[PDB]
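Notes follow the structure.
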Amino acid sequence: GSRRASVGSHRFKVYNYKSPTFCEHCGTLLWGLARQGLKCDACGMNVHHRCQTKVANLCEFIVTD
Ligand SMILES: [Zn+2]
Ligand SMILES: [Zn+2]
């Protein structure tokens, strides 16, 4: 089946956003045409590069057997 996992760290990777997107740590716009911020590979959370180390929430995602 599947489980709702909740883990201690995100897996952030630089991402190229295609529409105006806001930082899920600080709230403000991820500015630019490209490389505007980091998307978590596991849950999709978007943050600024400069906000990465400040992120304090759990990373939640569905795991399917
Ligand atoms: Zn995450
Ligand atoms: Zn931010």
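In the structure tokens, each chain is lettered A, B, ... as it comes, each chain's residues begin at 1, and ligands are numbered from 1 in order of appearance.
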May I have all residues of chain A that DSSP, computed from the backbone, assigns to strand (DSSP E or B), given as a ChimeraX atom specification?
/A:2-7,12-15,22,29,37-40,46-47,59-64
Identify, counting only C-alpha atoms and all ligand atoms, the protein, DNA and RNA residues located within 8 Å of ligand 1, and give them as a JSON list (two decimals) with N, CA and C atoms, in the first residue's frame.
[["chain", "number", "residue", "atom", "x", "y", "z"],
["A", 9, "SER", "N", 14.80, 15.88, 7.10],
["A", 9, "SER", "CA", 15.44, 16.79, 6.15],
["A", 9, "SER", "C", 14.81, 16.70, 4.77],
["A", 10, "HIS", "N", 14.66, 17.85, 4.13],
["A", 10, "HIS", "CA", 14.28, 17.93, 2.72],
["A", 10, "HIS", "C", 15.45, 17.51, 1.82],
["A", 11, "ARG", "N", 15.17, 17.36, 0.53],
["A", 11, "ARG", "CA", 16.22, 17.12, -0.46],
["A", 11, "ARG", "C", 16.18, 18.22, -1.52],
["A", 12, "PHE", "N", 16.67, 19.40, -1.15],
["A", 12, "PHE", "CA", 16.64, 20.57, -2.04],
["A", 12, "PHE", "C", 17.59, 20.52, -3.24],
["A", 40, "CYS", "N", 12.41, 20.97, -3.25],
["A", 40, "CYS", "CA", 12.68, 19.69, -2.60],
["A", 40, "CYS", "C", 12.28, 18.52, -3.52],
["A", 41, "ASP", "N", 13.21, 17.60, -3.76],
["A", 41, "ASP", "CA", 12.95, 16.45, -4.63],
["A", 41, "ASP", "C", 11.87, 15.54, -4.07],
["A", 42, "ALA", "N", 11.72, 15.55, -2.74],
["A", 42, "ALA", "CA", 10.81, 14.64, -2.05],
["A", 42, "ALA", "C", 9.38, 15.16, -1.93],
["A", 43, "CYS", "N", 9.22, 16.44, -1.59],
["A", 43, "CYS", "CA", 7.90, 17.00, -1.29],
["A", 43, "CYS", "C", 7.47, 18.18, -2.18],
["A", 44, "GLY", "N", 8.40, 18.73, -2.96],
["A", 44, "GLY", "CA", 8.08, 19.85, -3.82],
["A", 44, "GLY", "C", 8.24, 21.25, -3.22],
["A", 45, "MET", "N", 8.53, 21.34, -1.92],
["A", 45, "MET", "CA", 8.69, 22.64, -1.27],
["A", 45, "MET", "C", 9.69, 23.51, -2.01],
["A", 58, "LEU", "N", 9.19, 19.71, 8.89],
["A", 58, "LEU", "CA", 9.41, 18.34, 8.44],
["A", 58, "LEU", "C", 9.09, 18.17, 6.95],
["A", 59, "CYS", "N", 9.74, 17.21, 6.31],
["A", 59, "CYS", "CA", 9.46, 16.90, 4.92],
["A", 59, "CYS", "C", 8.48, 15.73, 4.81],
["A", 60, "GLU", "N", 7.31, 16.00, 4.26],
["A", 60, "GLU", "CA", 6.24, 15.01, 4.23],
["A", 60, "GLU", "C", 5.90, 14.61, 2.81],
["A", 61, "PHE", "N", 5.77, 13.31, 2.59],
["A", 61, "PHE", "CA", 5.48, 12.80, 1.26],
["A", 61, "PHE", "C", 4.92, 11.38, 1.35]]
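Using only C-alpha atoms, the contacts of region 29-38 of chain A at a cut-off of 10 Å, with sequence neighbours closer than 4 positions omitted, comprise residues 11, 12, 13, 14, 15, 16, 17, 18, 19, 20, 21, 22, 23, 24, 44, 45, 46, 47, 48, 49, 50, 51 and 52 of chain A.
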Write a file of the selected residues as a JSON list (two decimals), in the first residue's frame, keeping N, CA, C and O atoms.
[["chain", "number", "residue", "atom", "x", "y", "z"],
["A", 11, "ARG", "N", 15.17, 17.36, 0.53],
["A", 11, "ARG", "CA", 16.22, 17.12, -0.46],
["A", 11, "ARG", "C", 16.18, 18.22, -1.52],
["A", 11, "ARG", "O", 15.73, 17.99, -2.65],
["A", 12, "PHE", "N", 16.67, 19.40, -1.15],
["A", 12, "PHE", "CA", 16.64, 20.57, -2.04],
["A", 12, "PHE", "C", 17.59, 20.52, -3.24],
["A", 12, "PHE", "O", 18.77, 20.16, -3.11],
["A", 13, "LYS", "N", 17.08, 20.89, -4.41],
["A", 13, "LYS", "CA", 17.91, 21.01, -5.61],
["A", 13, "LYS", "C", 17.49, 22.25, -6.40],
["A", 13, "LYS", "O", 16.31, 22.57, -6.46],
["A", 14, "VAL", "N", 18.45, 22.97, -6.98],
["A", 14, "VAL", "CA", 18.13, 24.15, -7.77],
["A", 14, "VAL", "C", 17.10, 23.80, -8.83],
["A", 14, "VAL", "O", 17.12, 22.71, -9.40],
["A", 15, "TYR", "N", 16.18, 24.73, -9.09],
["A", 15, "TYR", "CA", 15.08, 24.49, -10.00],
["A", 15, "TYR", "C", 14.84, 25.75, -10.84],
["A", 15, "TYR", "O", 15.08, 26.88, -10.38],
["A", 16, "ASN", "N", 14.37, 25.53, -12.06],
["A", 16, "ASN", "CA", 13.98, 26.63, -12.92],
["A", 16, "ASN", "C", 12.48, 26.78, -12.96],
["A", 16, "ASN", "O", 11.79, 26.05, -13.68],
["A", 17, "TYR", "N", 11.97, 27.74, -12.20],
["A", 17, "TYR", "CA", 10.54, 28.00, -12.11],
["A", 17, "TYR", "C", 10.03, 28.65, -13.39],
["A", 17, "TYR", "O", 10.75, 29.42, -14.03],
["A", 18, "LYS", "N", 8.80, 28.31, -13.78],
["A", 18, "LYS", "CA", 8.23, 28.76, -15.04],
["A", 18, "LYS", "C", 7.14, 29.81, -14.81],
["A", 18, "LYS", "O", 6.66, 30.42, -15.77],
["A", 19, "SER", "N", 6.74, 29.99, -13.55],
["A", 19, "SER", "CA", 5.78, 31.02, -13.18],
["A", 19, "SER", "C", 6.17, 31.61, -11.83],
["A", 19, "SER", "O", 6.93, 31.00, -11.08],
["A", 20, "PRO", "N", 5.64, 32.81, -11.51],
["A", 20, "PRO", "CA", 6.01, 33.42, -10.23],
["A", 20, "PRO", "C", 5.67, 32.49, -9.07],
["A", 20, "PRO", "O", 4.53, 32.05, -8.92],
["A", 21, "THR", "N", 6.68, 32.21, -8.25],
["A", 21, "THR", "CA", 6.57, 31.21, -7.19],
["A", 21, "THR", "C", 7.13, 31.84, -5.92],
["A", 21, "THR", "O", 8.06, 32.63, -5.99],
["A", 22, "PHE", "N", 6.55, 31.49, -4.77],
["A", 22, "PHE", "CA", 6.93, 32.12, -3.50],
["A", 22, "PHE", "C", 7.63, 31.17, -2.56],
["A", 22, "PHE", "O", 7.31, 29.98, -2.50],
["A", 23, "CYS", "N", 8.59, 31.71, -1.81],
["A", 23, "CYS", "CA", 9.37, 30.94, -0.85],
["A", 23, "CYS", "C", 8.53, 30.46, 0.31],
["A", 23, "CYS", "O", 7.87, 31.25, 0.97],
["A", 24, "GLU", "N", 8.58, 29.16, 0.57],
["A", 24, "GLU", "CA", 7.77, 28.55, 1.63],
["A", 24, "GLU", "C", 8.41, 28.62, 3.03],
["A", 24, "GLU", "O", 7.89, 28.07, 4.00],
["A", 44, "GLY", "N", 8.40, 18.73, -2.96],
["A", 44, "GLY", "CA", 8.08, 19.85, -3.82],
["A", 44, "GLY", "C", 8.24, 21.25, -3.22],
["A", 44, "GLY", "O", 8.10, 22.25, -3.93],
["A", 45, "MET", "N", 8.53, 21.34, -1.92],
["A", 45, "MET", "CA", 8.69, 22.64, -1.27],
["A", 45, "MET", "C", 9.69, 23.51, -2.01],
["A", 45, "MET", "O", 10.76, 23.04, -2.39],
["A", 46, "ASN", "N", 9.32, 24.78, -2.21],
["A", 46, "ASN", "CA", 10.19, 25.78, -2.85],
["A", 46, "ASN", "C", 10.70, 26.83, -1.87],
["A", 46, "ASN", "O", 9.91, 27.46, -1.14],
["A", 47, "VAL", "N", 12.02, 27.04, -1.87],
["A", 47, "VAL", "CA", 12.62, 28.07, -1.03],
["A", 47, "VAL", "C", 13.72, 28.82, -1.76],
["A", 47, "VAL", "O", 14.26, 28.33, -2.75],
["A", 48, "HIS", "N", 14.05, 30.00, -1.26],
["A", 48, "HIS", "CA", 15.23, 30.74, -1.74],
["A", 48, "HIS", "C", 16.51, 29.98, -1.39],
["A", 48, "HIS", "O", 16.57, 29.30, -0.36],
["A", 49, "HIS", "N", 17.54, 30.13, -2.21],
["A", 49, "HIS", "CA", 18.86, 29.60, -1.83],
["A", 49, "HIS", "C", 19.24, 30.07, -0.41],
["A", 49, "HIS", "O", 19.61, 29.27, 0.46],
["A", 50, "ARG", "N", 19.10, 31.38, -0.18],
["A", 50, "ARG", "CA", 19.49, 32.01, 1.08],
["A", 50, "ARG", "C", 18.63, 31.58, 2.28],
["A", 50, "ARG", "O", 18.99, 31.81, 3.43],
["A", 51, "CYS", "N", 17.47, 30.99, 2.01],
["A", 51, "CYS", "CA", 16.61, 30.50, 3.08],
["A", 51, "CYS", "C", 16.81, 29.02, 3.36],
["A", 51, "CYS", "O", 16.26, 28.49, 4.32],
["A", 52, "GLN", "N", 17.60, 28.34, 2.52],
["A", 52, "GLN", "CA", 17.78, 26.89, 2.70],
["A", 52, "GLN", "C", 18.11, 26.47, 4.13],
["A", 52, "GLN", "O", 17.47, 25.57, 4.68]]
A:39, A:3, A:25, A:8 ranked by distance to residue 64 (chain A), top pick (using only C-alpha atoms):
A:3
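Using only C-alpha atoms and all ligand atoms, the nearest neighbour of ligand 2 within the list A:55, A:6, A:1, A:28 is A:28.
Closest approach to ligand 2 among A:54, A:4, A:26, A:65 is made by A:26 (distances from only C-alpha atoms and all ligand atoms).
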Expected answer as a list in words: helix (DSSP H, G or I) residues in chain A:
residues 49, 50, 51, 52, 53 and 54 of chain A
